[PDB]
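Two forms, one chain: they're shown below as structure tokens, one block per form, named structure 1 and structure 2.
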Structure 1
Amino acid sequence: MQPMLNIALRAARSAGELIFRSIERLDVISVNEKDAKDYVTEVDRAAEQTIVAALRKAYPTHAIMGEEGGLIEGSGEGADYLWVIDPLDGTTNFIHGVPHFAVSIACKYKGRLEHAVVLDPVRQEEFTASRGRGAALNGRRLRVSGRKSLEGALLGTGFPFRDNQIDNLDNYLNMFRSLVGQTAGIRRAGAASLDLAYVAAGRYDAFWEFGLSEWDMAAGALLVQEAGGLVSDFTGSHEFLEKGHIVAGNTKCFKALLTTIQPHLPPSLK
């Protein structure tokens, strides 16, 4: 891999080790729900510090973006590079003790995905990719599935909003209803980055979600493109990071899933 992807990978590993070590005290701390959520914010910030420290040791002039910290611009040539970091994808799973969550690290050069790490530290699954270098899971070269249609497909989605609102719920369930009929299953495991990784690995045949922020999609999107898959927003265009709505799949199941949800979209998602 590129030295840059190796540094992203090593960062993701250190953060995942700290997050992994952090899940034990939760069931002990879980008795105070608000104090438990405060603790998870603190674990997330410790994970962000671990990632940023490792990245900035190799590239102190790069720009960095996170949910909480926002955009910190670079300097010189480094102004062109942007690290998009989600230190813990699947915070609801994490607070409940559900072992399915991940560190997510993307590197963008002039707005285009260059490098991606999605790291499951419980299963110790390291998903990696660089633009034009392909995708891998623990060093095994990854490829999207061969499935030709939604019949007998396994699809993923989520509902990533921090409150259950009826407009988002109605539109979400409209699409869900329309998408059940044929599939071998529909999966809601609760971490967008792992869903996109699973499409890249051939474990899922397609994935769709709206309401996502860039840090939840960026790495998974490169994994899927480098796996020979397709990624778009709900209009079929390439602004999934900016719009928050994404369809990702193998080529055929991507097209069928994108076409299937259009009749159910409000103009908001068009």
Structure 2
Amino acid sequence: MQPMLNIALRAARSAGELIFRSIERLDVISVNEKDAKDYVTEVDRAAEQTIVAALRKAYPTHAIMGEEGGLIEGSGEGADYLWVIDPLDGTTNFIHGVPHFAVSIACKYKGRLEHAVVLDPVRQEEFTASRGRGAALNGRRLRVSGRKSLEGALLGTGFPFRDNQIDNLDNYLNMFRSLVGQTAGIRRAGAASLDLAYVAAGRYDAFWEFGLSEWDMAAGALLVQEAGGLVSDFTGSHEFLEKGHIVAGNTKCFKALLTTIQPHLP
């Protein structure tokens, strides 16, 4: 409804239609191990081109930070706007044909989250927010869940590394373990932007993950904030975008989750 948000939304829609046609072709004509990385890079960069063309047609002086393309500075007052783009969040899902992935676009004005779009092109779920305007899913206002504690909570999470990183891993599995008793479930769906959007819509009561990139978190974090939730890093501060670890939730479940993970950090 704000012109900048509408621009971002149409760019996400075009990218998502491209991604949807790609998955359709994938599902009938089956790429093998070696080709998978190259197919993903191709679809990623085609969707990013779609988005960036649409954005720059309206705001050519803005700064752009894409997953495929890196950081490109803006000029004049446009230098105060930074687009943070994951054109395809959930690439492993995508390349396997798992229908759970999103386009993720955030706009920051002087370093504050200003606009956000997370678009599931399969389910056709459009999560939007502007700073101080609240959040919507396909036009309906979003609210975080009301659950009062982790008792029976449904959490989201993820471990995005798939390396040797035995320190991190153990710590994570310790966090995970402490959460297993109270919660009704933990889900590992494979796209952090959709996990944050689901926190915002009330579908998850909270979410925690480390090892993320800015483009994975930016839009979904604004969604959670504007839906009435809380978002921070693992230490409780607001440097999640920079550090790559994030806790998001409704008020009570955010607080309980943060407390629960404290013993498994220094």
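Shifts are known only where both forms have a C-alpha. The first residue in the sequence of structure 1 is number 1, and each one after it adds one. We call the rigid core whatever largest set of C-alpha positions still superposes within 1.5 Å between the two forms.
Peer 1: With the rigid core superposed, which of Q124, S149, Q165, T92 has its C-alpha shift by 2 Å or more between structures 1 and 2?
Peer 2: So the residue whose C-alpha moves 2 Å or more is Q165.
Peer 1: Superposing on the rigid core, I want to see if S237 changes position between structures 1 and 2 - specifically a Cα shift of 2 Å or more.
Peer 2: No, because once the rigid core is superposed, the C-alpha of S237 moves less than 2 Å between structures 1 and 2.
Peer 1: My question is whether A46 is one of the residues whose C-alpha shifts by 2 Å or more between structures 1 and 2, given a fit on the rigid core.
Peer 2: Shift at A46: below 2 Å after core fit.
Peer 1: Inspect the rigid-core superposition and answer whether the C-alpha of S30 shifts by 2 angstroms or more between structures 1 and 2.
Peer 2: It does, since the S30 C-alpha is displaced 2 Å or more between structures 1 and 2 after the core fit.
Peer 1: Report, to one decimal in Å, how far the Cα of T251 moves between structures 1 and 2 once the rigid core is superposed.
Peer 2: A shift of 0.5 Å at the C-alpha.
Peer 1: Once both forms sit on the same core, give the Cα displacement of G70 between structures 1 and 2 in angstrom.
Peer 2: In the core superposition between structures 1 and 2, the C-alpha of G70 moves 1.3 Å.
Peer 1: Listed by sequence position, which runs of three or more consecutive residues have C-alpha shifts of 2 Å or more between structures 1 and 2, the rigid core held fixed?
Peer 2: Moving stretches, in sequence order: 24 to 32, 162 to 165.
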